[PDB]
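Letter by letter, the sequence shown follows residues 143 to 253, 267 to 322, 357 to 435, 460 to 489, 497 to 522, 525 to 528, 544 to 967, 981 to 1091 of the deposited numbering. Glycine included, each C-beta is placed from N, C-alpha and C at the ideal position.
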Amino acid sequence: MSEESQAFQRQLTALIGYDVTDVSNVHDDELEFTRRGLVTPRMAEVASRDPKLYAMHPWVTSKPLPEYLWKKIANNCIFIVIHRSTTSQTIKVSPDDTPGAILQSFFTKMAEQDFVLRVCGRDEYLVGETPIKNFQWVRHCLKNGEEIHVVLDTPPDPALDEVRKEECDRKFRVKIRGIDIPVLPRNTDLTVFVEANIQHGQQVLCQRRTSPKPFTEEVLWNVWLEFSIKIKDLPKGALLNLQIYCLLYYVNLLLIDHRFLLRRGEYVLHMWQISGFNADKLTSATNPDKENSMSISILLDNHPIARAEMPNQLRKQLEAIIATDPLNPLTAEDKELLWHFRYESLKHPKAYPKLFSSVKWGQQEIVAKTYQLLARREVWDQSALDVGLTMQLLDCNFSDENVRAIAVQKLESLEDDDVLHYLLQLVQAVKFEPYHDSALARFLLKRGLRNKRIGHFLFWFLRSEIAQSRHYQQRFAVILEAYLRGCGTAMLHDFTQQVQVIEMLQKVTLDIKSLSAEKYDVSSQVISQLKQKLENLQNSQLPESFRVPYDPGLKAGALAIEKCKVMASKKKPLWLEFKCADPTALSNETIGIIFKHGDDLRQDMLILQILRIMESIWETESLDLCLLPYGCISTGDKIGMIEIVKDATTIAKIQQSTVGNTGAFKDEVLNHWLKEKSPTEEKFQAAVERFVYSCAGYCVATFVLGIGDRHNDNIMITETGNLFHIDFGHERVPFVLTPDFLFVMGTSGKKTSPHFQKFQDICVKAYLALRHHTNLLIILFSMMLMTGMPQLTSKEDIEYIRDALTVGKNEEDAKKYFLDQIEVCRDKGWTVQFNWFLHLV
Ligand SMILES: CS(=O)(=O)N1CCN(Cc2cc3nc(-c4cccc5[nH]ncc45)nc(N4CCOCC4)c3s2)CC1
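Following this line, the structure appears as structure tokens:
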């Protein structure tokens, strides 16, 4: 290789937080073969990407402007403001104008075309052949009541992104030699057996078992388990799933390797324990912790695969099946129907998930007939993209690489606006791929390299998992490495800054927990020991500036040490604030970040992202619900950072105005708080209007996701009336709509009023609107549960959102469901709010 060529890889390992050149936890070479496989997709995308547009990463959309934003234009005229050091004139522009065209109405409007419209304060450019109506920064300014401000400077040089020179009819059988574990002790001794499953997409094709034996630290069976399934009938992607019950341990082994070879030989597999169903149960990875983990020893010595029209009455039976939801389980009668009428079923794209579930993958002939099916894919290829539908073929139920490829094909048609909407959920879906190299993993690689913004979030989503998941770190590390070798040195330098900063601060956060008590208050000497520590970093240690990971436009600078503090709260997070490093920023307002170690933030990532998806859904139907899905990024193990929404206050704090007598509660208080922070009465009604939309948006969203029973303490409001929920780490109430909220709506329980009439109207509007996307939400939820929780009932915890979205019912009933829910909160008032307290003391 080379002296400095290996110094490149030690930079790569530092950003990844894992060494992909390590081979100490492999029993084959799939991971290294995947490093080599991804060189091509990388070099292709890099080689065909526009240098100019890659440097500026214009964030842009082809969707129509919503109805709720053409109301803020009674005149077909939008206001932009071009800047230059001191002075800065304003310019009349029509929504359909272009970056180039408004430069035509600036220079010629004055009485050399190699300048650019960058945004004031950020690294966000208005460029490329798009209308300004169709730029995200512009839609954002219109949405808030802000005015588009812009500075004129030289385009950033493409030179800075340049990339370095790169680098049988025999039945199947397995011998169970035995198991071994250095130490087991609990208290009393039991018996133990090994269960072997041939598995394919959460379908057990076959299952044999050992005789049981006593659970000493070594147990030897020496037994052949003859299976019924024949070798030729083994499908690519099938897993030998070895499990130990007395269900304490599990491990998996792909029966057909990444070169289509039948798996053969002597394996010692180090196994995962079960924490006192989910995506960790599917992994081909073995436990790296070889000193403590349980190990199984096996032997393979077994290569391969090298007219008439329906009666109208069955069609109805078949259509009914196809209509049902992604969780509605299929009977044997239903599957056989689907399969017998394959070709009719292929005419309905929505039937696809249900159809490929009806396939007997445990049979060679039928899989082949299934490949004949996928070969005449005219209707699918021509169908309009359905993200819900496409996602379903990427979940844990589908292990066939061709099935999964027809789904990835549909994704290729997404523009970058929609990729960012689904990116986190597509990164989690790499967990369900049988092989490390996959159409999906490559699709992300390709989309990330093509767009600096997708690239940026693909970095942190990958790194979040690598840091806190032994089950999938090696796979994701290989994928990240591939990204980093093609993202270009501007982005590598950027990440290196970001990784350095957060490593310095997490250090400070862990070092501060320990000097404070397990829990009480915040010491005089502890705010002493926070300021001192950050003064030492600030000088010769911290970058002059780093990219804010949750908002990669914004460049944070030097710390505002006076405003930083440890938080009198759960597990001593740091409230930090930074100066903005861009001197053309039009405000002296700091960037606020919380650093927390203790909670599990991947869950918050996931919930906030589904919340961003609901906003986008409501966009399809002219519905704005003023949600504040604030930034939130997991960076490492049980730890990460959070955006501080400026001017926000906990609802429980507004109730603790005085005393707050261990849980005193009072209807009228919220409304008084709103008038104090609103210098004109005019802005006060703007706040109540904002509170009715926001309260409604967070009510509907929260009912649907089953996270609505919350303390006042985890709900906030801005000075401008924008309500929002926080801290999604996990008698009853479907959601929070307490008497304090209702007095803002001019209604003190058991009445109706103009502002409350809006609230109900908006709620049912929002609720029926999410139901036009029932299959999407069910599948995102089901996946959320599987890749981002503890262990969970693959039927029962998902089955909440069915009943929440009132599946199978007509629209009138559905409204009547939700409207009962509102009146459950108003029939209970404070009962549950007060109840959180009763346990405590
Ligand atoms: C005297 S004190 O300085 O200690 N004071 C006490 C009362 N605090 C109220 C808050 C608690 C809080 N927790 C979180 C959080 C905690 C853990 C996990 C989380 N996931 N998402 C948020 C979040 N995120 C917060 N946000 C997010 C949105 O932007 C405003 C700050 C706030 S604000 C402020 C601090």
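Annotation: the continuous beta strand (DSSP E) that includes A793 extends over 792–796. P586 and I1051 have their C-alpha atoms roughly 23 Å apart. By alpha-carbon distance to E926, the top candidate from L699, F1009, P866 is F1009. In the structure shown, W1080 falls within a coil segment according to DSSP collapsed to helix, strand and coil. Between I287 and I224, the C-beta spacing is not below 8 Å.
Unbroken alpha helix (DSSP H) stretches of 4 residues or longer found wholly inside the stretch 652–690: 653–665, 676–687, given in chain order. Between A719 and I703 a beta carbon distance of about 13 Å is seen, past the 8 Å cut, so the two are scored as non-contacting. Shown here, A621 sits in coil according to DSSP, grouped into three states, outside any helix or strand.
Counted as a single uninterrupted DSSP element, the beta strand (DSSP E) harbouring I303 occupies residues 303–308. In this structure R1076 is not in contact with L960, their Cβ atoms being roughly 17 Å apart against a cut-off of 8 Å.
A direct Cα-Cα distance of roughly 23 Å separates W212 from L1020. Put simply, of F928, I944, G966 the residue whose alpha carbon is nearest the alpha carbon of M953 is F928. Within the DSSP secondary-structure output, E415 pairs in a beta bridge with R362. Below 8 Å, too few C-beta pairs join the stretch 646–665 and the stretch 465–481 to call them touching: fewer than three. Here the alpha carbons of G966 and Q1041 stand approximately 15 Å from one another. Residue nearest to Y210 within the set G300, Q148, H909 is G300 (criterion: CA-CA distance). Look at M804: its beta carbon is less than 7 Å from one of the heavy atoms in ligand 1. Boundaries for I831: no alpha helix (DSSP H) harbours it, while the beta strand (DSSP E) harbouring it runs 828–834, taken from the DSSP string. In the structure shown, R397 falls within a strand segment according to DSSP collapsed to helix, strand and coil. The distance from the Cβ of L864 to that of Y935 is about 7 Å, consistent with a contact at the 8 Å cut-off. Within the same chain, Cβ atoms closer than 7 Å to the Cβ of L195 are found at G283, the five residues on either side in sequence being excluded. In this structure, the straight-line span from the alpha carbon of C633 to that of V1091 is close to 44 Å.
Within the same chain, and ignoring the five residues on either side of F1068 in sequence, the residues whose Cβ sits closer than 7 Å to its Cβ are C1013, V1014, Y1017. Taking 8 Å as the cut-off, the beta carbon of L631 is found closer than this to the beta carbon of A666. Under the 10 Å beta carbon count, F249 is surrounded by fewer than 16 other beta carbons and is classified as exposed.
Listed in chain order, the non-local C-beta contacts of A676 below 6 Å within the same chain comprise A642, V645, local neighbours out to five positions each way being set aside.
For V274, the uninterrupted beta strand (DSSP E) run begins and ends at 271–274, by DSSP. Judged by their CB atoms, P508 and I420 are not nearer to each other than the 8 Å cut-off.
Out of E172, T821, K320, the CA that lies nearest to the CA of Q148 is found in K320.
Inclusion of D841 in the 7 Å shell around ligand 1 follows from its C-beta lying nearer than that to a non-hydrogen atom of the ligand. Per DSSP, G934 is one residue of the alpha helix (DSSP H) stretching across 918–942. Between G625 and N1025, the gap from beta carbon to beta carbon is short of 8 Å. Rounded to the nearest whole angstrom, the C-alpha separation of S753 and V318 is 47 Å. As a beta-bridge residue in DSSP terms, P403 pairs with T380. Excluding five sequence positions before and after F416, the CB atoms of its chain that fall closer than 7 Å to its own CB belong to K360, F361, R362, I387, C395, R397, given in chain order.
Annotation: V181 to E322 spans about 7 Å, alpha carbon to alpha carbon.
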